[PDB]
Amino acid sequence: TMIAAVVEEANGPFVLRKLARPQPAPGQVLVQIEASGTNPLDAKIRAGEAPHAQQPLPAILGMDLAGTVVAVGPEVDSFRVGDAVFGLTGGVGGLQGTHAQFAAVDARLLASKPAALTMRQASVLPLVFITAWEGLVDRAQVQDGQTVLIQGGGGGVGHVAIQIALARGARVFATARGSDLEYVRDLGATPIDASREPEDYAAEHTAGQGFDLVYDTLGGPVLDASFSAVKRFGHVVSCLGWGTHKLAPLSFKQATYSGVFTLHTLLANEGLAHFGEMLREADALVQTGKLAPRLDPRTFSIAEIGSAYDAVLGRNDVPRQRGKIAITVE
């Protein structure tokens, strides 16, 4: 058996329960979770308002993890007992979440934890790094020298998208709110107050031409703002492009737009190997000091998960997360 937090019904509390401990099937390893990375989507799932996540209740939530391999299933040779690992492993599509002491994970989803990171630090980068990578690299194939605008540079996907873009040689700019402008500047990017109009910051920073690549990490009206900021023949990508939008800007500018939906891999069981690969890329960036997760200093035990999400969403009067929130399971 093991201890895990279960959300029994919509909007219900994170109930600590003693449950049967998962056993690794062939191709899987058993991970003793030390840190669980939170994400806003978990809150939507908890509230039963995340149809795209296909994670009906009751269920153990949490998508990212960082821990140690304690058992290896048959047909596995990529990891050994004692190895520190991390990755985006479940919490969606019926997959057991990471708000647990243990999880049986397909080895392809894991990568060794970067030696330079604590478990907390490593636990918050899987989903957002993969989300940023899929958009910047897989879809937009960002090139050295291109001008890149990250909408919401202080956010989960934003701060990692900025660092990936910089590492790949792009000239990076990022819109952020007051409290995050200094953070973005320190990363090496050019900060832009998010209250400004695209026509204005594009004028100041791109001679009014627009940006080669715009990564919308906020969605809604921000995606429209992104269409406005993109250069002719440019590319716009979004990881929250679920709404309806006027497309005229893309035609007038003979531009391109791509959608990003990282969850597909776990929901449909396809391209699992690509996850471990992307995480390996992240590790390389950490080793060379070009990637550092933004981790809120606050700690939360497996018994304080509710408070963890209050922080993630800045609800019930707790300051909003400044960087991401990690739960210390062990």
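Note that residue numbering follows the sequence shown and begins at 1.
Averaged over their C-alpha atoms, the temperature factors of 207-215 and 75-83 are higher for 75-83. In this crystal structure, the stretch out of 34-42 and 288-296 whose C-alpha atoms carry the higher mean B factor is 288-296. Listed residues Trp242, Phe129, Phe233, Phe227 were ranked by CA B-factor as deposited; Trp242 comes out on top.
Based on the entry's C-alpha B-factors, the most elevated value among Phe252, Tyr183, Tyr257, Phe102 belongs to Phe252.
Sort the chain's modelled residues by C-alpha temperature factor and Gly62 lands in the lowest third, per the entry. In the deposited entry, the Cα temperature factor of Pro198 places it in the highest third of its chain's modelled residues.
Compared with the other modelled residues of the chain, the Cα B-factor recorded for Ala176 ranks in the highest third. Sort the modelled residues of the chain by CA B factor and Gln141 lands in the highest third. Per the PDB record, residue ranking by Cα B-factor puts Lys113 in the middle third of the chain.
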